[PDB]
């Protein structure tokens, strides 16, 4: 590589002069970002050894990348260990200590992240925002320690205001969404394994600067020991759009709350029981969605406002083991969808 750094400030000072960078065993000073924004176009950046971070109660990000034609890779043996248990307090980003976001994959164009091995994020892991064609391959996010040490709001991939995001072969163990797409166009999640969290989610959609989800493929993935399997949420009273979404080849195991949940009634982060019509869900395909829900959970819950869900196609959906909801509303007729 042009440049190998074991020091965070040296790396930040020198980055734009390096065509290839190795970040080797960096201890990132407490309360600071490993700031890899503004890279020279075409730069490759490789993590080696164990990256760690000083402790401070602050908002992060711990790491930040931006640029065009950037490749962000992990070397054999590397890890990025945030030692999140230092912050974890069962309250996540909703109270207790101020806890830093981990990785800002922001303003990355025609770029790729491959093979990053991430452990113990304080709260959310990857924030993907203002990205234009970004591959995210074979990323491992292991927040399993958080199950018994107070992990909360440890989402793996949060996506907004982005296009052409392609997440492939992710392996996630956490306590919140495996995926949350709040907005974006041409977003893929495929070949993934999601354990311990809240499933593969669209939304909540609405009430943000960007409320459009269009052309999404979430496929060939396993969801295990999670609250939800397939999830789409839209915000009560909001305007937006969820269209051209396909979930296919999704296996579910021991889902606690909902195998499939689609509801248009989110207000301040909680369902109201009353759906609203300003964020229509159209062109929704579910194909080959199979598996088990806990007896105390619910197989399928569809809570559409009148006229607000249409052009759905569901086939090979076999979700069993939980209760059958008596509360579903306005399911697209003839779609094959059923609670």
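Numbering follows the first chain given and starts at 1.
Just going by the entry, 294 to 302 versus 22 to 30 on mean CA temperature factor gives the higher value to 294 to 302. Taking only CA atoms, the mean B-factor in the PDB entry is higher for 219 to 227 than for the other of 82 to 90 and 219 to 227. Within the selection 174, 111, 209, 117, the deposited Cα B-factor values reach their highest point at 209.
For the set 244, 259, 199, 77, the PDB entry assigns the largest Cα B-factor to 77.
Annotation for residue 42: CA B-factor lies in the middle third of the chain's modelled residues. Remark: residue 192 belongs to the middle third of its chain, ranked by C-alpha B-factor as recorded. Sort the modelled residues of the chain by CA B factor and residue 16 lands in the middle third. Per-chain ranking of the deposited C-alpha B factor places residue 128 in the lowest third. In the PDB entry, residue 280 places in the middle third of its chain by CA B-factor.
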